[PDB]
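> no sequence for this one, just the structure:
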């Protein structure tokens, strides 16, 4: 907000990157393994 | 060989095995054993004795 937009400044871009990283980690926590990388297909992820 | 096995990454190892041997059958197992080469060692030691 201070920078006026995610794409307005380098710091804004990196802040938005971290923000979306944390949001996705919270959203996809069930699909994220502690150490190993979790792999899924459409049928596993219910994609039509 | 004449087999055209295909491993699916979206399947479990056990189910992939089930599918492969269901499609191909015992000839694949015979080729696998030949690759193992137990028969060669057995026959060689038997001939020696």
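Sure thing, it's come through. Residues are numbered from 1 along each chain as shown, chains lettered A, B, ... in the order given.
> next, count neighbours for residue A:34.
5 (other Cβ atoms under 10 Å in any protein chain shown). Backbone N, C-alpha and C define where each C-beta goes, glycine included.
> then the one 4 residues further on?
Residues near residue A:38, counting by other Cβ under 10 Å, number 11.
> got the contact list for it?
A:31, A:32 (Cβ atoms under 8 Å, 6 or more residues apart in numbering or on different chains).
> list phi and psi for it.
Reported as degrees, to the nearest 10, the phi and psi values for residue A:38 are phi -90, psi 130.
> check chain B and tell me which residue is nearest its centre.
Ranked by distance to the mean C-alpha position of chain B (Cα atoms, centre = their mean), the top residue is residue B:32 at 2.5 Å.
> secondary structure class of it, three-state.
Using DSSP: H, G, I helix; E, B strand; the rest coil, the secondary structure recorded for residue B:32 is helix.
> near chain B at all, stretch A:39-48?
Yes: contact between stretch A:39-48 and chain B, assessed by Cβ under 8 Å from any Cβ of the partner chain, occurs at A:39, A:41, A:43, A:44.
> tell me who's in contact with the third one.
Which is residue A:43. residue B:10.
> what residues of the host helix or strand of it count as buried?
Here residue A:43 sits within helix A:42-45, counting by DSSP states H and E. By neighbour count with 16 or more other Cβ atoms under 10 Å in any protein chain shown, helix A:42-45 contains no buried residues.
> now do it: distance to the chain's middle.
Distance, stretch centre to chain centre, for helix A:42-45: 19 Å (Cα atoms, centre = their mean, to the nearest Å).
> which residue ranges of chain B form strands?
In chain B, no strands are defined using DSSP state E.
> which residues touch residue A:40?
residue A:31.
> one more time with 10 Å
Residue A:40 makes contact with A:28, A:31, A:46, A:47, B:10, according to Cβ atoms under 10 Å, 6 or more residues apart in numbering or on different chains.
> adding distance to residue B:22 and neighbour count, write these out as TSV.
Shown next, in TSV, are those (distance: Cβ to Cβ, whole Å; neighbours: other Cβ atoms under 10 Å in any protein chain shown):
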residue	distance to residue B:22	neighbour count
A:28	35	12
A:31	31	13
A:46	27	7
A:47	27	8
B:10	17	12
